[PDB]
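Participant: To start, I am sharing the structure in question, which I have written as C-alpha cells.
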Amino acid sequence: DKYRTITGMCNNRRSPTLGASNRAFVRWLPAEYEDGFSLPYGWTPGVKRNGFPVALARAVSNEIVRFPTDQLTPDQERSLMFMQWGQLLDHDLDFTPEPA
Amino acid sequence: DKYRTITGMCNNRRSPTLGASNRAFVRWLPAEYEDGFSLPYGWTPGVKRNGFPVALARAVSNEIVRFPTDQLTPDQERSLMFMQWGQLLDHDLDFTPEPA
Amino acid sequence: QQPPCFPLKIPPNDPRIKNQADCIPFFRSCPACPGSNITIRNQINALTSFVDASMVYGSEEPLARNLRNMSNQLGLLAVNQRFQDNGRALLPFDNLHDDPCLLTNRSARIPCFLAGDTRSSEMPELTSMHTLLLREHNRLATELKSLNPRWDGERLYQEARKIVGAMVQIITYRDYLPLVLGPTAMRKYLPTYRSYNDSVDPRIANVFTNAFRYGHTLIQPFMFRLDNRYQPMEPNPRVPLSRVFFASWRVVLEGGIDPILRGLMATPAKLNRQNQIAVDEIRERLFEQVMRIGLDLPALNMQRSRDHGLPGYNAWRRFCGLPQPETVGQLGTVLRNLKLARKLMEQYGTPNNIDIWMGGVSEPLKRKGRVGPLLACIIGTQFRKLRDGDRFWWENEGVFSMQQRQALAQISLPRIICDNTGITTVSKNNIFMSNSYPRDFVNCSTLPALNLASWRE
Amino acid sequence: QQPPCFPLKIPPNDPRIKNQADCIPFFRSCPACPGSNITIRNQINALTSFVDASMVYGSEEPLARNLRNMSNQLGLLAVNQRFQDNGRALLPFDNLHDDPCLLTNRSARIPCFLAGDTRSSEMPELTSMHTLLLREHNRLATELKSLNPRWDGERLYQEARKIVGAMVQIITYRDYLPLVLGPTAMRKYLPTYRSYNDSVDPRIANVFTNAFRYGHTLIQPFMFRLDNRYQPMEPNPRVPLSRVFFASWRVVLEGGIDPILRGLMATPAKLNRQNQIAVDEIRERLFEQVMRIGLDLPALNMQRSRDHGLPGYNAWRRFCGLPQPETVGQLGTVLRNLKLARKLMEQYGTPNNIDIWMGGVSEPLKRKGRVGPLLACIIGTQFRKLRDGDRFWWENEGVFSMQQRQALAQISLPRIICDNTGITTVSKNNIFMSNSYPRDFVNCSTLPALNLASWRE
Amino acid sequence: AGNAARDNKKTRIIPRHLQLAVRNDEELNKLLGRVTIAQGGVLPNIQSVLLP
Amino acid sequence: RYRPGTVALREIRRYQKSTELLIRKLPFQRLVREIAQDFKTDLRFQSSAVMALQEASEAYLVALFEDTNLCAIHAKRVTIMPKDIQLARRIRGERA
Amino acid sequence: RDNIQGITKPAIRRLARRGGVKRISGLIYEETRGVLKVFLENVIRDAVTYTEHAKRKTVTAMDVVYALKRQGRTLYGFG
Ligand SMILES: *[C@@H]1O[C@H](CO[C@@H]2O[C@@H](C)[C@@H](O)[C@@H](O)[C@@H]2O)[C@@H](O[C@@H]2O[C@H](CO)[C@@H](O[C@@H]3O[C@H](CO[C@H]4O[C@H](CO)[C@@H](O)[C@H](O)[C@@H]4O)[C@@H](O)[C@H](O[C@H]4O[C@H](CO)[C@@H](O)[C@H](O)[C@@H]4O)[C@@H]3O)[C@H](O)[C@H]2NC(C)=O)[C@H](O)[C@H]1NC(C)=O
Ligand SMILES: *[C@@H]1O[C@H](CO[C@@H]2O[C@@H](C)[C@@H](O)[C@@H](O)[C@@H]2O)[C@@H](O[C@@H]2O[C@H](CO)[C@@H](O[C@@H]3O[C@H](CO[C@H]4O[C@H](CO)[C@@H](O)[C@H](O)[C@@H]4O)[C@@H](O)[C@H](O)[C@@H]3O)[C@H](O)[C@H]2NC(C)=O)[C@H](O)[C@H]1NC(C)=O
Ligand code: HEM
Ligand code: HEM
Ligand SMILES: *[C@@H]1O[C@H](CO)[C@@H](O)[C@H](O)[C@H]1NC(C)=O
C-alpha cells in the first residue's frame, strides 16, 4: 500500500471494488423509467410522465436556451482557466461509455 | 387504481417497479465479498478477512449457541403466537430463492 | 465444492458429526444478474415487499388465478376437495415432483399443502394460521355477498382481499411490533402516521432477511396440543419438534387445527438469554426425516449472511449510530457480559468480523422488548419504510371511508380465532402477551364481531 | 429508433433543421447488465472515482503501460516522436480505425492525441493541459532521479505520479471548489479535514455526471491566442469554436500550446444569466465538420438525463432538503423570475418533470458562487465523499511526511505553467480569478518553487 | 439521556445530557415546553443567514 | 489579524457547547439584594435562591436574544437592534 | 447603589453569543439591563410575598421556585 494502484482496486480494504474502474454507478435515488426498468421517457409516443406529455429536449433548448449571441456578457471575476480546469477535473472523475 | 395488484407493480407511480416481486434487494451498505463482487468469505482456504481468519460457522454455532436443553427458561410475558405471527409476517415480506 | 453449492465445513471434535469428510448441504442464492464482472452480486425477492396478506393470495398472476374458486361466481378461495376439519375448509393439496411431505410418513401419503407461499407446510402451526386466514377470507366473502347481492365474483374477491390485508396490517402494527421493539424503539422508529410519502423506498433491505431471523431464538423444542378444556390432548400431548417438520398428515389426520391453535394461544415461548440462544432440536435435528443428515439453523443463518456479503457487526453498529467496540473490554461492556465477549473474540478475532445474526442476538434485550438495539434499529427502519411507502395503507385517505376505518379499528386476533374455528375460549387482548390458563381467557361471547354494515352499496 | 439508437426528435418550426424527417444522432449508454428482466438498468463508469490524475496515467493496466516510456530506467512518460513545441515535450499520437482529427483537416494529416482519457483531443485547450501535466511529471521524475541516483524507473515513476496526484488534489480543493460553491456552501458541505473514513462510499453518483455539466454554461464562443506581449496573435487571433472541435493540427502546426495557455489566463469567462444560458456555437454547430450535422449540447444533456432515468427537479429538491415548488408562483419565487418560470411551466407542464440539468442551471447563482443551491449541494456532497473516502489523500497521515506536506502546500498553478512552458508573465494567485492584463500579472520569478529536498533518501 | 451520554463518550448522566435528550425529541420538547433545566445549556443552532 | 465575524462565530460555537453561567455571581447577588431591598428590609437570601434566580434570568435572556435574532434576520439585517427586542417582547405579550 | 451596572457589556455579549447572535449594536445593553431589572423585580416580589406569608425572614429556594412556576416558568433542579 506504499503507492496507489492503477485500476483503483483495493483502495477500500473492506470493499476493494468500491470506487474502482469499469464498475456501475451508485444511485442516490431510484431510477425513473417509462416501463419501470429499462425504457426512457419519450421512447414510446403517446405515453405521459406523471400525467403530462413528455416535452422534446430539442424543443426545450429551442424555446428557452436560445438567445442572440451579441447579448453575451463576460465575467469580471473569473477566467477561462476556470472552465478548463472544470473540464479537466470532470474527465478525471467519470466517463460513461456507449456502444460503437 | 381501486385495488392492489397481484404482482405488486404500479404501487409507486413514479417508479412502478419499486416494491414489486422478482426484483433485486436494496443494499443499505455496500457488499463485502471475498474477491470484491462474487465470492463469499471462506470460499477459498488460506484467505483471511480484515487481517483475521474466517471462523467456520458450524464451529462457532457449536461453541456459542449450544446449550443444554434441560435449562430452558419459559417466557412468562409472551406466548407461542408471538413466534408464529412473526414467521407468518416474515413469509409475507420476503423470500430468497435458490436453484434446485 | 462447486457453484452453486457452498457446503458447510465440519470442525474437528464435532459433538454430532464424528466424520469430517461430510458436510452440511447448502446452496447459494440465485444472483440478480446471472454472471457478470461489472455488477456486484445481488439477491432476488420473490414476494411483494408490502404487508398485503401475500401469504394467501400469492405474488404471481398464475398462482393467484390458480388459488381461486373459479367454478362459482361467489369469489371464494379454493379449498381441499378430499378432507375437511369437522366440516370446515382445509388448504388445497399440491403436486410437486419431489414432495417432502410424503417422506415424513410413508403410510399416510398426504402431499404438501398449496397456498400463496411455498413454505406453508413446514410445521402444522403455519398450516393452521394459513387455514385460519383462508377461512376468514371465505367467511368475509360470503357475508359481503349476502349484504350486497348485486356484486360479481371478482368484486367480492377483491373486497375480501382488501379487508384481510387491512386486518393483517392492523394486527401487526398494533400488537406485534410494540412487543418486539419495545416502547422506546417503537416510538423512535415508528412515529404517528401522517400521510402517504411517495418518496419513501418500500423495498426490502438485504440485511433484513438476516436481521428478522431473531425469531429462531424463540422456538420451543416441542409442539403442544390441547383439548376443549385446555388439557393435554392424548395421544402425544407434546410432540418433539424434529418429528413435525413437513408433517402435514398431523393436520388432516389428527383432529385438525383446533388443538394446534389452542396450544399456540396457551403456551409460553422461550426466553432469549446470552447463555441460551437456540435449542438443540433446530440446531442438530432440523429436517432430520427429509434429508440424510440434520441441519444447523444458526450455522445456516450465518453462512447465508456470509453468502449475501453482508458487512460485519461493527459496520452495522456504525450504521445505526451506536458505538463500535474494538477490544475485548469494550465488547464486554457493550454486551454487558465478559464470558460471551471473550468467546466471541476467541472465535472471530475481532468485533468487525462478527456476523450480523450472532451480533444481533448476543446483545442484551431492550426494556419490555425482545431484540437488541441494533436489531431494533434495523427492524424499525424497515417497517417504517414499509408503512410510509405504501399507497394502499389502511389509514391512507381514499382506501377506506371513515366508517370503514372505525369498523376496522375494532378487529382483533381472538375474534378471528373464535369466529372461524371451534374454539370457544380465547385469550384476552394482545394474544402475544397472555399465555396462562385460565387466568386471562374469555368466553369469546364478550368480544364484539366485525361490523360490515358500512360496506353497503 | 431501433436500439441502441435514441435519436432526438425535431419539433416543427425549428430555426435550424427544416426537414422534420431528420434526427439528431444519439446512442444510449452501455447497461451494467446487458439483457435482464430483473435488475433496474444502470450505467457503467469506466474511470476511477478518485482525484488521482487519471487523465495522464490512464485507468487500466494495458493503456497505462502503453503510456509509459519503457525504453530507459528514468521512469518517464512517452512523448511525441515526430513533433516538438520549441524543444518541449508533446503528447504521443494515437492510432484509430476512424480518426476525427484527420477528418477536421485532411491537408495536415495530424491524428488525435493519445493520453489517459480518450477525449483529450476535443480542443487545443485540453491538449495543452495534458501536455502541461506530462511535462510537469517528466520534470519531477528528472529532478528526483538527479536528487536520488540510486532509484529505478518504477520508483521514480510512482513517486512522480504521487506528487502529481497530490498537486491536482491541492489545486482543486484549494482554488476551484471555493469559487464554485461559494464560502457559505464551502463551509456547509466541505468542512475542514478531520481524518479518514473508510465507511464513506467513494463511488460517483449517477446524477453527478449531469449536475457537473454546469460548465457548459461557461463556454465562450471563441478560442483566443495571445503572443508574448499578451496581444492578439496573428493570423486568426479569435477563432470560432466550431473550427476547433477535434482539431489537433492547431497545436502542432500553429505555434504550440503557449499562446493557448496565455489566452486561457487572460480571457474572462462567460457569465451565467437566466436569459443567457448557453451560446449558439455549442448549441447549433457542435462537431459540424466531424459529423454530418451539428449537435445540440443542452438538448444532448437533457436527453442523456432522460436516458439515465434521473428523477425530476422536485425529487432532487426534496433530496437536498429544499422547498419543492408546485405552481407557477412558487416556481417563480424560487427562481426569482416569472418569465422563465412561465416558459418552463408551459414547456414541461409541471415542476416534477423539469430536467435536473435545466433546473440546476435555471436557479439563481449563490453569493460569490457559480451554482445554485441544488447543484452546489450535489457537487459538495460528491466531492466531500471523494475526499473523505480516499485512503491516499495527501493530508491523510502516513501518505506524506510533515516536511513533504509543508513543501507541497506552497504549490501553485502559475508556478507549474511558468516552469513547464516558456511563459514569463503569469497571473497572480487564484488564477481562476485574475483575468486582466497587466492589472494582476507578475514576472513569475517571485513565485516560490517546489522544494524536493524533503524527498531525499 | 443515557443514549446522549453514550454518544458523548461519557459514563455518568449530567443535566446537560437531560437537556439534550429533552430538546431533541419532539413529543418530549412539547411536553416540557415551559420548563428550564438547571445547568442544561442550549441546543446548538446557528441561523444560515448569519453564516459566511 | 482575523476578519470581523470569525471570532464571533467561534464564540457562538464555544458558548453553545458549554453549560457554565455567563454572569458573575457576586454582582448578580448584589443586584438581587438591591432589588429585594424595596419590598422588605433586612432580608436574608439562601445561596440556592440566588442560584435559581441567576439560572432563570440567564435562560430568559437567552430565549429573548434568540427571538431578537429572528426578528433582526426577518428585517434583512445581521445586527441586533433595540427595536427587535421591543418587537419580540410585544409579540410574546410581555410589554403588550 | 448602582449594581445594575454590574451586568457588564462582555456578559451581555456572552449571553447574546449563546443565543446565536453574530453582531451586536452598542445601544442594546441598556435595553437588556432594563428587561433584566423588570424580570427580576417581578420574580423577587412574588418570592418575597411567598416568604412573608410564611412568617419568615429568609428567602428560600422553594419560594423562588414557586414564584417562577406561578408565572409559567417552571424550573427543575431546586425542589
Ligand atoms: C418524504 O420522505 C422523504 C424520505 O424520507 C426518508 O425515509 C423515511 C422512511 C424517514 O426515515 C425519513 O426521515 C427519511 O428522510 C423525505 O425526504 C428526505 O428529506 C431529508 C431532509 O430534507 C433529506 O436529507 C437531506 O439530504 C442531503 C444529504 O443527506 C445525505 O445524503 C447523502 C446521499 O447518499 C448521504 O450519503 C449522506 O448521509 C447525507 O447526509 C442534505 O441536503 C441534507 O443535509 C443537510 O440538511 C439541512 C440543509 O438545510 C441542514 O440542516 C443539515 O445540517 C444538513 O447540512 C439532508 O440530510 C433526505 O435526503 C430526503 N430523502 C429523499 C429520499 O428524498 C421527505 O422530506 C418526506 N416528505 C415529507 C413531506 O415529510
Ligand atoms: C464516517 O462517516 C460515516 C458516514 O457518514 C456519511 O458520510 C459523510 C461523508 C457525511 O456526509 C455524513 O453526514 C454521512 O452520514 C458516519 O457514520 C454515519 O453515522 C450516522 C449518524 O450516526 C448514521 O446515520 C444514522 O442512520 C440511521 C438511519 O438510517 C438512514 O438510512 C436508512 C437507509 O438508507 C434510511 O431509513 C434513512 O436514510 C436513514 O436516515 C439511524 O440510526 C440514525 O437516525 C442516523 O441517521 C449513518 O448511517 C452512518 N453512516 C454509515 C455509512 O454507516 C461516521 O460517523 C463517520 N466517522 C467518523 C469517525 O467521523
Ligand atoms: C468547453 C467546451 C466543452 C465541450 C465542447 C464539451 C462537450 C461535451 C460533449 C459533447 C459531451 C457529451 C454529452 C453526452 O454524451 O450527453 C460532454 C460530456 C460531459 N461534459 Fe462537456 N464539454 C465542454 C465543457 C465542459 C465543462 C467545462 C464541464 C464541467 C465543468 C463539462 C461537463 C461534462 C460532463 C460531466 C460530461 C459527462 C457526460 C457523460 O459522462 O456521459 N463539459 N462534453
Ligand atoms: C418456528 C420454527 C421455524 C423453523 C423450523 C424455521 C426454519 C427455517 C429455515 C430452515 C430457513 C432456511 C434458512 C436458510 O436456508 O438460510 C428459514 C428461513 C428464514 N427464517 Fe425461519 N424458521 C422458523 C421460524 C422463524 C421465525 C419465527 C422467524 C422470524 C420471526 C424466522 C425467520 C426467518 C427468515 C428471515 C428466513 C430467511 C428467509 C429467506 O431466506 O427467504 N423463522 N427458516
Ligand atoms: C369451491 O368450488 C367447489 C366446486 O365444486 C364448490 O363445491 C365449493 O363449495 C367451493 N368452495 C366454497 C368454500 O364454497
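To be explicit about the labels: the chains of the C-alpha cells are called A, B, and onward in the order shown, and within each one the residues are counted from 1, while ligands get numbers from 1 in the order they are shown.
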Can you tell me which residues come within 6 Å of ligand 1 when counting only C-alpha atoms and all ligand atoms, ideally as a tab-separated table (two decimals) with N, CA and C atoms, in the first residue's frame?
Facilitator:
```tsv
chain	number	residue	atom	x	y	z
A	28	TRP	N	-28.25	7.48	-6.04
A	28	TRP	CA	-28.72	8.17	-4.84
A	28	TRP	C	-30.24	8.13	-4.74
C	197	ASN	N	-46.14	9.12	1.92
C	197	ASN	CA	-44.93	9.78	1.43
C	197	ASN	C	-44.39	8.98	0.25
C	199	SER	N	-42.01	9.36	-1.67
C	199	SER	CA	-40.56	9.35	-1.81
C	199	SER	C	-39.87	8.31	-0.93
C	200	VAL	N	-40.62	7.57	-0.12
C	200	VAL	CA	-40.03	6.51	0.70
C	200	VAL	C	-39.86	5.26	-0.15
C	384	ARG	N	-40.97	1.06	9.21
C	384	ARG	CA	-41.39	2.43	8.89
C	384	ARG	C	-41.35	2.67	7.39
C	385	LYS	N	-40.32	2.16	6.71
C	385	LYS	CA	-40.27	2.29	5.26
C	385	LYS	C	-41.43	1.57	4.60
D	318	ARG	N	-36.20	17.86	-3.05
D	318	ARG	CA	-36.53	17.18	-1.81
D	318	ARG	C	-35.35	16.38	-1.27
D	319	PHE	N	-34.52	15.83	-2.16
D	319	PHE	CA	-33.34	15.08	-1.72
D	319	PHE	C	-32.35	15.99	-1.01
D	320	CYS	N	-32.25	17.25	-1.42
D	320	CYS	CA	-31.32	18.20	-0.82
D	320	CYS	C	-31.93	18.99	0.33
D	321	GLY	N	-33.18	18.71	0.70
D	321	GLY	CA	-33.80	19.42	1.79
D	321	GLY	C	-34.24	20.83	1.49
```
Participant: Give me the residues within 12 Å of range 94-106 of chain C as a ChimeraX atom specification, counting only C-alpha atoms and dropping any in the same chain fewer than 3 places off.
Facilitator: /B:100 /C:63,66-67,78-81,91,109-124,242-251,253,287-292
Participant: Write out the residues from the selection above, keeping N, CA and C atoms, as a short mmCIF file (atom, residue, chain, number, x, y, z; two decimals), in the first residue's frame.
Facilitator:
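Result file follows (part_37.cif):
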```
data_model
loop_
_atom_site.label_atom_id
_atom_site.label_comp_id
_atom_site.auth_asym_id
_atom_site.auth_seq_id
_atom_site.Cartn_x
_atom_site.Cartn_y
_atom_site.Cartn_z
N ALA B 100 -32.56 -25.21 -7.83
CA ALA B 100 -32.89 -26.59 -7.48
C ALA B 100 -32.03 -27.57 -8.26
N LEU C 63 -50.33 -18.12 -10.14
CA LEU C 63 -50.62 -18.73 -8.85
C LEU C 63 -51.88 -18.14 -8.23
N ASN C 66 -54.78 -19.55 -9.94
CA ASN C 66 -54.95 -20.96 -9.61
C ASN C 66 -55.43 -21.17 -8.18
N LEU C 67 -55.33 -20.15 -7.33
CA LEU C 67 -55.74 -20.29 -5.94
C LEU C 67 -57.21 -19.97 -5.70
N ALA C 78 -60.04 -21.49 -3.25
CA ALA C 78 -60.10 -22.93 -3.41
C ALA C 78 -59.76 -23.62 -2.09
N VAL C 79 -60.53 -24.65 -1.76
CA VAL C 79 -60.34 -25.42 -0.54
C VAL C 79 -60.10 -26.88 -0.91
N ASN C 80 -59.70 -27.66 0.09
CA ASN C 80 -59.40 -29.07 -0.13
C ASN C 80 -60.67 -29.82 -0.50
N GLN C 81 -60.59 -30.63 -1.55
CA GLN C 81 -61.73 -31.38 -2.05
C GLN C 81 -61.77 -32.82 -1.55
N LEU C 91 -56.67 -26.37 3.49
CA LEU C 91 -55.86 -25.90 2.38
C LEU C 91 -55.84 -26.92 1.25
N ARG C 109 -49.43 -40.87 3.17
CA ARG C 109 -49.41 -40.40 1.79
C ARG C 109 -50.25 -39.12 1.63
N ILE C 110 -49.88 -38.11 2.41
CA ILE C 110 -50.54 -36.81 2.38
C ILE C 110 -49.55 -35.80 1.79
N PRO C 111 -49.79 -35.29 0.59
CA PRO C 111 -48.85 -34.33 -0.01
C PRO C 111 -48.88 -32.99 0.72
N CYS C 112 -47.96 -32.12 0.31
CA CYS C 112 -47.86 -30.80 0.92
C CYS C 112 -49.05 -29.93 0.51
N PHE C 113 -49.35 -28.95 1.36
CA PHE C 113 -50.46 -28.04 1.09
C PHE C 113 -50.03 -26.95 0.11
N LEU C 114 -51.03 -26.38 -0.56
CA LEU C 114 -50.81 -25.33 -1.54
C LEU C 114 -51.41 -24.03 -1.03
N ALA C 115 -50.61 -22.97 -1.02
CA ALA C 115 -51.05 -21.66 -0.56
C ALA C 115 -50.28 -20.61 -1.34
N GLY C 116 -50.32 -19.36 -0.86
CA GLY C 116 -49.60 -18.30 -1.53
C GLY C 116 -48.10 -18.32 -1.31
N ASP C 117 -47.62 -19.18 -0.42
CA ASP C 117 -46.19 -19.34 -0.18
C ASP C 117 -45.83 -20.82 -0.22
N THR C 118 -44.62 -21.11 -0.69
CA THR C 118 -44.17 -22.48 -0.85
C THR C 118 -43.77 -23.14 0.46
N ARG C 119 -43.58 -22.38 1.53
CA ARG C 119 -43.15 -22.90 2.82
C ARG C 119 -44.29 -22.91 3.83
N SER C 120 -45.51 -23.17 3.36
CA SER C 120 -46.67 -23.17 4.24
C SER C 120 -46.86 -24.49 4.98
N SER C 121 -46.04 -25.50 4.71
CA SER C 121 -46.18 -26.81 5.34
C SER C 121 -44.94 -27.20 6.14
N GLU C 122 -44.18 -26.22 6.63
CA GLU C 122 -43.00 -26.55 7.43
C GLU C 122 -43.40 -27.22 8.74
N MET C 123 -44.31 -26.61 9.49
CA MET C 123 -44.85 -27.19 10.70
C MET C 123 -46.35 -26.97 10.71
N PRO C 124 -47.10 -27.78 11.47
CA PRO C 124 -48.56 -27.64 11.47
C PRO C 124 -49.06 -26.29 11.95
N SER C 242 -38.55 -32.26 16.06
CA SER C 242 -37.87 -32.93 14.97
C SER C 242 -38.77 -33.88 14.20
N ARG C 243 -39.95 -34.21 14.72
CA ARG C 243 -40.86 -35.14 14.08
C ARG C 243 -42.07 -34.45 13.46
N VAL C 244 -42.16 -33.13 13.53
CA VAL C 244 -43.28 -32.39 12.96
C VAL C 244 -42.87 -31.56 11.76
N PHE C 245 -41.63 -31.66 11.31
CA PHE C 245 -41.19 -30.88 10.16
C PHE C 245 -41.75 -31.48 8.88
N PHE C 246 -42.44 -30.66 8.10
CA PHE C 246 -43.04 -31.07 6.83
C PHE C 246 -44.04 -32.21 7.02
N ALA C 247 -44.63 -32.30 8.21
CA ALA C 247 -45.60 -33.35 8.52
C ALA C 247 -47.00 -32.74 8.44
N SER C 248 -47.53 -32.68 7.22
CA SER C 248 -48.88 -32.20 7.02
C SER C 248 -49.93 -33.21 7.44
N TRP C 249 -49.57 -34.50 7.50
CA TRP C 249 -50.53 -35.52 7.90
C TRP C 249 -51.00 -35.34 9.34
N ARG C 250 -50.23 -34.63 10.17
CA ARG C 250 -50.67 -34.32 11.52
C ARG C 250 -51.81 -33.31 11.55
N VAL C 251 -52.09 -32.64 10.43
CA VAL C 251 -53.19 -31.69 10.37
C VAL C 251 -54.47 -32.37 9.91
N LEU C 253 -55.13 -35.67 9.65
CA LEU C 253 -55.45 -36.96 10.24
C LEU C 253 -55.29 -36.98 11.76
N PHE C 287 -34.97 -30.83 9.97
CA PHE C 287 -35.31 -31.61 8.78
C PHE C 287 -34.63 -32.97 8.81
N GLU C 288 -34.64 -33.61 9.98
CA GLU C 288 -33.94 -34.88 10.14
C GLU C 288 -34.54 -35.96 9.25
N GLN C 289 -35.87 -36.01 9.15
CA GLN C 289 -36.51 -37.07 8.38
C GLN C 289 -36.31 -36.88 6.88
N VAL C 290 -36.36 -35.63 6.41
CA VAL C 290 -36.41 -35.39 4.97
C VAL C 290 -35.07 -35.71 4.31
N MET C 291 -33.98 -35.19 4.86
CA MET C 291 -32.66 -35.34 4.24
C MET C 291 -31.83 -36.36 5.00
N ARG C 292 -30.62 -36.61 4.48
CA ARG C 292 -29.75 -37.63 5.06
C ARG C 292 -29.31 -37.25 6.47
#
```
Participant: 10 Å from ligand 2 is the threshold here; counting only C-alpha atoms and all ligand atoms, which polymer residues fall inside it? Answer as a short mmCIF file (atom, residue, chain, number, x, y, z; two decimals) with C-alpha atoms, in the first residue's frame.
Facilitator:
```cif
data_model
loop_
_atom_site.label_atom_id
_atom_site.label_comp_id
_atom_site.auth_asym_id
_atom_site.auth_seq_id
_atom_site.Cartn_x
_atom_site.Cartn_y
_atom_site.Cartn_z
CA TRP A 28 -28.72 8.17 -4.84
CA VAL B 26 -31.85 -2.93 -1.88
CA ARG B 27 -28.46 -2.63 -0.18
CA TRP B 28 -28.21 -0.26 2.77
CA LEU B 29 -24.44 -0.86 2.95
CA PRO B 30 -22.02 -1.89 0.19
CA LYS C 188 -38.39 6.37 17.89
CA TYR C 189 -38.63 4.40 14.63
CA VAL C 200 -40.03 6.51 0.70
CA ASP C 201 -38.40 3.44 -0.81
CA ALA C 205 -33.23 -4.48 2.55
CA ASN C 314 -19.11 -3.16 13.75
CA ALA C 315 -20.18 -1.74 10.38
CA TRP C 316 -23.85 -2.21 11.23
CA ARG C 317 -23.30 -0.72 14.69
CA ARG C 318 -21.81 2.33 12.96
CA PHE C 319 -24.74 2.39 10.52
CA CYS C 320 -27.33 2.71 13.30
CA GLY C 321 -25.24 5.30 15.17
CA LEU C 322 -24.28 3.05 18.08
CA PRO C 323 -20.67 3.00 19.34
CA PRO C 373 -30.70 -2.06 19.97
CA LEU C 374 -29.13 -2.92 16.60
CA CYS C 377 -32.94 -0.16 14.71
CA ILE C 378 -32.92 -2.31 11.57
CA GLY C 380 -37.96 -0.34 12.96
CA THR C 381 -36.37 1.32 9.95
CA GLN C 382 -37.60 -1.42 7.62
CA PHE C 383 -41.16 -1.37 8.95
CA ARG C 384 -41.39 2.43 8.89
CA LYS C 385 -40.27 2.29 5.26
CA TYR D 189 -20.69 20.93 2.61
CA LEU D 190 -16.86 20.76 2.75
CA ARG D 194 -10.55 15.56 10.25
CA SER D 195 -9.38 12.01 9.45
CA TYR D 196 -10.03 9.13 7.04
CA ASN D 197 -13.42 7.48 7.00
CA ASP D 198 -13.23 4.07 5.39
CA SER D 199 -17.04 3.94 5.68
CA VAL D 200 -17.72 6.72 3.15
CA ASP D 201 -18.72 5.42 -0.27
CA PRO D 202 -16.40 7.00 -2.89
CA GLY D 380 -20.29 19.48 -2.44
CA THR D 381 -21.70 16.15 -1.29
CA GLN D 382 -19.95 14.27 -4.09
CA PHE D 383 -16.59 15.96 -3.52
CA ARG D 384 -16.76 15.53 0.26
CA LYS D 385 -17.43 11.83 -0.30
CA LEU D 386 -14.46 11.67 -2.68
CA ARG D 387 -12.13 13.43 -0.23
CA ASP D 388 -13.13 11.64 2.98
CA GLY D 389 -13.39 8.20 1.38
CA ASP E 7 -22.88 9.25 22.24
#
```
Participant: Using DSSP on the backbone coordinates, identify all residues within range 212-343 of chain D classified as alpha helix (DSSP H); present the result as a count of residues only.
Facilitator: 48
Participant: Could you name the residues that touch range 68-79 of chain F at 12 Å or less, counting only C-alpha atoms, but leaving out those on the same chain fewer than 5 positions away, as a PyMOL selection string?
Facilitator: (chain E and resi 45-52) or (chain F and resi 5+61-63+84-92) or (chain G and resi 16-28+32)
